[PDB]
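To keep things clear, I will list the structure first and then write my remarks on it.
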Amino acid sequence: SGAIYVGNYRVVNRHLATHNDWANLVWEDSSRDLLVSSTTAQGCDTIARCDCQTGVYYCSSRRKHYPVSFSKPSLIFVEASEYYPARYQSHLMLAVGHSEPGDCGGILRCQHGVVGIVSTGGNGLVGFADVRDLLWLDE
Ligand SMILES: NC(=O)[C@H]1CCCN(C(=O)CN2CCOc3ccc(Cl)cc32)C1
Ligand SMILES: [Zn+2]
């Protein structure tokens, strides 16, 4: 569990979206595991507009923040699950670090702000769904 709150938007993992998220839907992408829904309250999360590859992510399974080196956003194969079949997830960054199933939604941050949220993991790795290309979140 975890979300990004920027202005009049709420960015969540598409597989964890609730009924209100789909009733106030702005944009969703199964291949990115993202869903953005509208909000009545004014959010203040600063989105990073950068090309960073180092930052800090929040790990609910260890109740700790961790500094990571991560890859540039790309098409990475993800095994089938109870939310999606076997596909290539796009805009996904990988890093060496602890992650377990309840960790989806933990924020990844750099000096410039929010980079993305935990989406995949396993075998001593962590995957983040990037949000830095979505310039409409700010405008
Ligand atoms: N992006 C996706 O398709 C997600 C949707 C459901 C969750 N996904 C998983 O990988 C589930 N899982 C299995 C392997 O061990 C893990 C360790 C950490 C995390 Cl965050 C998830 C998992 C794929
Ligand atoms: Zn940055």
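As a basis for the values below, the full set of heavy atoms in this structure was taken, side chains included, without hydrogen atoms, waters or symmetry mates. Counting starts at 1 for both ligands and their atoms, in listed order. Residue indices begin at 1 and follow the sequence shown.
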Practice task
Kindly compute the distance separating CG (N13) from OH (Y83), expressed to the nearest 0.5 Å.
Solution key: 10.0 Å

Practice task
Start with the C-alpha gap between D45 and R109, add the side-chain angles, then the distance that decides, and say whether side-chain contact (heavy atoms from CB on, under 4.5 Å) holds.
Solution key: CA-CA 11 Å; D45 269 314; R109 270 187 149 93; 3.0 Å; yes

Handout entry: From CD1 (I117) to CG (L34), nearest 0.5 Å
Key = 5.5 Å

Problem - Proximal atoms of ligand 1 relative to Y84 (non-hydrogen, under 4.0 Å) - result: 3 (O)

Handout entry: Nearest protein heavy atom with distance in Å, relative to atom 12 (N) of ligand 1
Key = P101 CG, 4.3 Å

Handout entry: ligand 1 versus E82: contacting region, heavy-atom distance under 4.0 Å
Key = neither

Handout entry: Whether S38 side chain and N24 backbone form a donor-acceptor pair below 3.5 Å
Key = yes

Handout entry: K72 bridged to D51 by N-O distance under 4.0 Å
Key = no

Completion exercise
In this structure, NE2 of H91 is separated from CE of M93 (nearest 0.5 Å) by 11.0 Å

Exercise for the section: Could you check which N/O/S atom of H112 is closest to the Zn ion (ligand 2)? Expected result: ND1

Practice task
Provide the number and element of each atom of ligand 1 under 4.0 Å from a heavy atom of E100.
Solution key: 17 (C), 18 (C), 19 (C), 20 (Cl)

Handout entry: Nearest protein heavy atom with distance in Å, relative to atom 16 (C) of ligand 1
Key = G121 O, 3.4 Å

Practice task
May I ask you to identify the nearest protein heavy atom to atom 1 (N) of ligand 1, giving residue, atom name and distance to one decimal place in Å?
Solution key: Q89 OE1, 2.8 Å

Exercise for the section: For atom 7 (C) of ligand 1, grab the closest protein heavy atom and report residue, atom and distance to one decimal in Å. Expected result: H15 NE2, 4.0 Å

Handout entry: From OG (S61) to CD (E100), nearest 0.5 Å
Key = 4.0 Å

Problem - Rounded distance (nearest 0.5 Å) linking atom CG of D29 with atom CZ of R14 - result: 8.0 Å

Problem - Subset of ligand 1 atoms that lie under 4.0 Å from at least one heavy atom of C104 - result: 20 (Cl)

Exercise for the section: Measure the distance from atom 3 (O) of ligand 1 to every protein heavy atom, then report the residue, atom name and distance (to 0.1 Å) of the closest one. Expected result: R87 NH1, 3.0 Å

Problem - Within reach of ligand 1, part of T120 (heavy-atom separation under 4.0 Å) - result: both

Handout entry: Six-ring centre of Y66, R62 cation under 6.0 angstrom, axis tolerance 45°
Key = no

Exercise for the section: Would you check the N or O atoms of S99, main chain and side chain alike, for any that come under 3.5 Å of an N or O of ligand 1? Expected result: no

Fill in the blank from the handout: atom 4 (C) of ligand 1 sits nearest the protein heavy atom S119 O, 3.6 Å

